[PDB]
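As a starting point, one isolated chain is supplied in structure tokens, in the form deposited in one PDB entry.
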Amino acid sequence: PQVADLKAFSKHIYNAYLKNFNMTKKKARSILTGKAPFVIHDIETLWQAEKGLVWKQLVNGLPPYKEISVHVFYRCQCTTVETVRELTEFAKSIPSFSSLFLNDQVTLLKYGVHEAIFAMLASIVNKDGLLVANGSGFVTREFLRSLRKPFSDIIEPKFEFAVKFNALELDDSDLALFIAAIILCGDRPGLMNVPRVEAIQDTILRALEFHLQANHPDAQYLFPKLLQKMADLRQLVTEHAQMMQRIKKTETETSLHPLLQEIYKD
């Protein structure tokens, strides 16, 4: 009955995921494998993609142009802010999240969204680059490496994490629970009702462990492997925030979106 109740719980998380995220891993893998995106690998193709592809954020809305590396950074911010919106609606579609007081909801999103973003990023990434523009573009990792420091350096660690994470071969139904476990985390600073959040987290983790038993019957040590990735994501986000601090200190002409300012504020 423990296993039975959690299975319905997992299906509710999965449906929240499918209702709220713009691209599934199923979709992304089908594009990345040829099951075709315009390849952006230098300045000329970058400019042609701005001219030819359809962007959710219209270029004229971006902050005034500065240079190629910054422009890429502004497109990174666009997508991170948009994923915060999607992660917020995902969390609110989980009844036990929506039952928490709104200030605890904000506390959980503040400290969890980047961990979740970097985990879901793996879905659109392979060893050679990542999808952009709703899957209609592909930006090469070697191009992103070619950008000037500090912008190249804030990008490459996410590729390293992603390629390792994708070796575990999670599908969307696993990711739904994994992401819900990252957001419903009782460790976050300043949480008001810690025992309640810890209870929800524990339910999700038990749902996840049983989900992996059914969906991945032949995988060894997969649930522990994913608990370790959750710890790896915390360190990736610590390092990311440290790099953001250096961009705020040393790249004073680069704008940072106000919502991201509030996330890094503390």
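Numbers follow the displayed sequence, beginning with 1. Heads up, when I say rigid core I mean the largest set of C-alphas that superpose within 1.5 Å between the two forms.
There is another form of this protein, the form deposited in another entry, and it is not shown here; the text below is about that form.
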Of the residues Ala241, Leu227, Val59, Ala199, superposed on the core between this form and the one not shown, only the C-alpha of one moves by 2 Å or more, and that residue is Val59
Work out the direction of the Cα-Cα change for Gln77 and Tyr65 in the other entry: closer or farther than in this form? It's 3 angstroms or more. farther
A 3 angstroms or greater change in CA distance between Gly61 and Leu144 is reported in the other entry. Closer or farther than in this form? closer
